[PDB]
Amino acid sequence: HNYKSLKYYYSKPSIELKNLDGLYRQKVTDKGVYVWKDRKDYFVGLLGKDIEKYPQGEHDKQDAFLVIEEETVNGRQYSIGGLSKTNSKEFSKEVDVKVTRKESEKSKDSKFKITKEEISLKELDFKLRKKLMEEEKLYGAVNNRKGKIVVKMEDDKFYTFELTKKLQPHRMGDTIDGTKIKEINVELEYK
């Protein structure tokens, strides 16, 4: 997996658009939706099961976590997945992030703030990799790239992000219940 392209994606700035002014699926044959907030618009690709969530028409109170791609699509700035339902109320939750270095092994523990009731895997993946780039030298060297991030739910279900490669596009639009995240366990296979 191209290391230039990997760190380049995770080093990019993100745009958190809460409560979009609009989200429009022009037609079911389109593989995306036009979103806009505060006189700025974007086209957001629907490349996974997220496509089933936005039938033709307008949809209110959606959120978008954007990471702007290199490609312009339908004449607009483009991002893939990262859509979710806006919050119903003010919300913030603090979960444990436990980072383990592995062969071998005590974890380095910190806290991570969850403010969305419904959150895309794009957002969690992006923010958690930033944290690891800032705090654990992830992608700080060509050898600092192997491991996994595991988001564990209160019911013990889990979602895994493999660090040697980018999150797969068809998973960027998957969402989970942020109010039900129990903890985040990280394995780093490099020192």
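We number the residues from 1 along the sequence you see.
- Gap between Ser88 and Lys89: none; every deposited residue in this span has coordinates.
- According to the PDB entry, the deposited sequence contains 1 to 3 residues between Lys102 and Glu103 that lack coordinates.
- When the C-alpha B-factors of 49-57 and 119-127 are averaged, 49-57 comes out higher.
- Here 60-68 and 140-148 are compared by their mean Cα B-factor, and 140-148 comes out higher.
- As recorded in the entry, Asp21 carries the highest CA temperature factor of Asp21, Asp174, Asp177, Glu183.
- Sorting the modelled residues of the chain by their CA temperature factor places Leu167 in the lowest third.
- Remark: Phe161 belongs to the lowest third of its chain, ranked by C-alpha B-factor as recorded.
- Residue-level temperature factors show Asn74 in the middle third of its chain, judged at the C-alpha atom.
- In the deposited entry, the Cα temperature factor of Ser107 places it in the highest third of its chain's modelled residues.
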